[PDB]
Structures are given as structure tokens and as C-alpha cells.
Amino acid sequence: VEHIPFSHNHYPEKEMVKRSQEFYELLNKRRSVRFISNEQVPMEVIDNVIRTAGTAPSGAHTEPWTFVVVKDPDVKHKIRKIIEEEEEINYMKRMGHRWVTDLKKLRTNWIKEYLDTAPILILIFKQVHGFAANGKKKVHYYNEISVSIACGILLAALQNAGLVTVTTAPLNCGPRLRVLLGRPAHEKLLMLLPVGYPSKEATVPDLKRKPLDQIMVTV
């Protein structure tokens, strides 16, 4: 592959400052929403936020991500059963006292109503390796990180398109969900995001973010 000049949209410092400020205020309104209405949402928006996630950087340009989108309530209902069953055992046995306590402030449990109500579920699978065209294996360097970075971009894009979600990690649900969705073995489930509009009645926990001087260190 050949290398080409990079061209760059410049801004005056004054407009950089302003774009950076608006975008802070925009993403700072983002909250994880666990109560999602059944109102349908336009698929062109979903298509576009996925395509935005696909602009992410990736280790050695491997693009190791598969975004699986479910609209079908029958499929969504099987997903729900799998996750509620597995999470009930997670909460009652596998997570441990300390994790369960650390979650009290969030009021989460194994009941995940959003898996039926939300019109869209996005299941983000990482590809632990890939395949060349001749069927031999290719290495996916830093695949989990690459996929999580694209997930961060996806979240930004959703916030900026006026949709809500909550990033979830359905512990011990990977295999059953992979099989149910007909995905191949080199894909593993990394996170699941219900997507739509908030419910009229949606709450969030009243959490504060750290001030800049507790996350940023200069030298």
C-alpha cells in the first residue's frame, strides 16, 4: 500500500476552544439509561452511528468488530431470557457480596426490561482473530481495546444523535448469545447496548463526576 498526503480541516484557536466546549457540554449530558421506550427509531440513524463506530482506530488496521443489531421481538425475547437467567445466578452466586454491594447505588438487578422494550439492541462482538481470503488465520492485535475504543465512539455518536443507551456486560452470557445469533466462534461478546428514547418515567442515579484535577495530571 502507498502513502499519501494527509489533509486537515484547521480551525482558528477561538473556534477550537468553542467546539471543544460545546462537545464537552453535549457529552456530559450523556447518562446510562436503563428505562427505554418502545417507540421505534429511524434505522438511518442506527446505520450511521454504527458506521461512525467503524471509523475507530485498530491495532495494525484489523477492524476487529462486528456490530450485531436485533430488531425482532422474538429474538429480543430470547436474549432477555438468557440474560435474566444468567444474571440472576450472577447476582445470587457468582458475583460475590462485594460486587453486589458496590452496585446498590445503581439499583440494578437481574431484571432487564429494556431487552424487550427497546426497539434496538446492539451486541458488540470482538473478533479474537480473523481469517484471510485463503482461509488462514490473521492476528488481531489489541482486539479488545480496539473494540472498546469503537464502543466509545459509538456512545458519543448516539449521544449526538439524541438516543440513549446503557453499556452492559452480561457476564457468562457470551456463548449462549453467540450461538443464538448464529455468530462464528472467533467472535466473542464484549458489550450489549439497548438503544432508543428514554421512557417518560426514566430515572438515573444521582452520580457526580470527578473534577478535572482528579483525572488530569500535568507536567
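Position 1 is the first residue in the sequence shown; the rest follow in order.
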(request) Would you mind comparing 94-102 and 143-151 for me and telling me which has the higher average C-alpha temperature factor in the entry? (result) 94-102
(message) If you take the mean CA temperature factor per stretch, which one wins between 119-127 and 133-141?
(response) 133-141
(request) Pick out which of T66, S37, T55, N172 has the highest C-alpha B-factor in the PDB entry. (result) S37
(request) Relative to the other modelled residues of the same chain, rank the CA B-factor of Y24 and answer lowest, middle or highest third. (result) lowest
(request) Would you mind checking where the Cα B-factor of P42 ranks among the modelled residues of its chain, as the lowest, middle or highest third? (result) highest
(message) For the chain shown, is the CA B-factor of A185 in the lowest, middle or highest third of its modelled residues?
(response) highest
(request) Taking the values exactly as deposited, rank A157 by C-alpha B-factor within its chain and report the matching third: lowest, middle or highest. (result) lowest
